[PDB]
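Shown next as structure tokens: one chain only, the form deposited in one PDB entry.
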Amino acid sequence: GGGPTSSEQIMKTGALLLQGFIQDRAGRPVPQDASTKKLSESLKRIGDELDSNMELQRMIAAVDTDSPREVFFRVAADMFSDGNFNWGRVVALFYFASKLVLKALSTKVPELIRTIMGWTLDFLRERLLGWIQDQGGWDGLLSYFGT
């Protein structure tokens, strides 16, 4: 096999680190070796510090994420457009990738609540309404609760 400098190892470890990092932040498990676990620890605590950077959250909050793929490539290109590289920017990019996951979920949610409310209210109208009327409507539920 190749050592740490091979592109194959770079892609392999990159995926592990990236997956471990993102998943960690989303629950709020990926089997990995010791040095990779050590990097993941460093990653996790830095992520924690950025979660407390309140300006950044507002910064991340304001970008519209209806086209999240466009947003990612635009931010990434810009981060590295001056032709400089350093590990801090790479870290920052990872942090940003994990925030996109959460940001993206957050835009699905209202539509999901709407779809499910649709089912529930449809079922309620066609199947429970007659019975609910017999209770004198939702005030009957107040009685039930003893209010």
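The first residue of the sequence shown is number 1, and the count goes up from there.
- Item | Test item: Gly27 lacks coordinates in at least a third of other entries | yes, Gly27 frequently unmodelled elsewhere, at least a third of entries.
- Message: Please compare 31-39 with 96-104 and say which has the higher mean C-alpha temperature factor in the record.
- Response: The entry gives the higher C-alpha B-factor average to 31-39.
- Averaging the C-alpha B factors as listed in the entry, name the stretch that ends up higher: 125-133 or 16-24. Averaging CA B-factors over each stretch, the winner is 16-24.
- Quick one: which of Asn53, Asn86, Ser81, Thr115 shows the highest Cα temperature factor in the PDB entry? Of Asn53, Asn86, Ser81, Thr115, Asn53 has the highest C-alpha B-factor.
- Sorting the chain's modelled residues by C-alpha B-factor, tell me whether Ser143 ends up in the lowest, middle or highest third. According to the entry, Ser143 has a C-alpha B-factor in the chain's middle third.
Although it is not shown, the form deposited in another entry is what the next lines describe.
- Message: Could you point out which of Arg127, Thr107, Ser35, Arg69 sits at the hinge of the rigid-part rotation between this form and the one not shown?
- Response: Looking at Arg127, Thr107, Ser35, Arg69, only one falls at a hinge: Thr107.
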